[PDB]
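The structure appears below as structure tokens.
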Amino acid sequence: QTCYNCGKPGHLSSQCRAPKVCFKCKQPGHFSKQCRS
Ligand SMILES: [Zn+2]
Ligand SMILES: [Zn+2]
């Protein structure tokens with residue numbers, strides 16, 4: 001995946017707080033109604 005903040009590839013929920021899908025909470029579908037509305 002790609003970082004929420006570094007803008008780098010090679011990223012995951014353990015490389016940073018979240019991938020670009022989120023920033024912290026990173027649940028499987030929450031972003032479309034909270035973090036990406
Ligand atoms: Zn990062
Ligand atoms: Zn979130």
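We name chains A, B, ... following the order of the structure tokens; residues begin at 1 in each chain, and ligands are numbered from 1 as shown.
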Practice problem: Select from chain A everything DSSP, run on the backbone, classes as helix (DSSP H, G or I), then give the selection as a ChimeraX atom specification. | Solution: /A:30-33
Quiz item: Counting only C-alpha atoms and all ligand atoms, which protein, DNA or RNA residues come within 12 Å of ligand 2, given as a PyMOL selection string?
Solution: chain A and resi 4+13+17-37
Exercise. Set the cut-off to 6 Å, count only C-alpha atoms and all ligand atoms, and list whatever residues fall near ligand 1 as a PyMOL selection string.
Key: chain A and resi 3+5-6+16
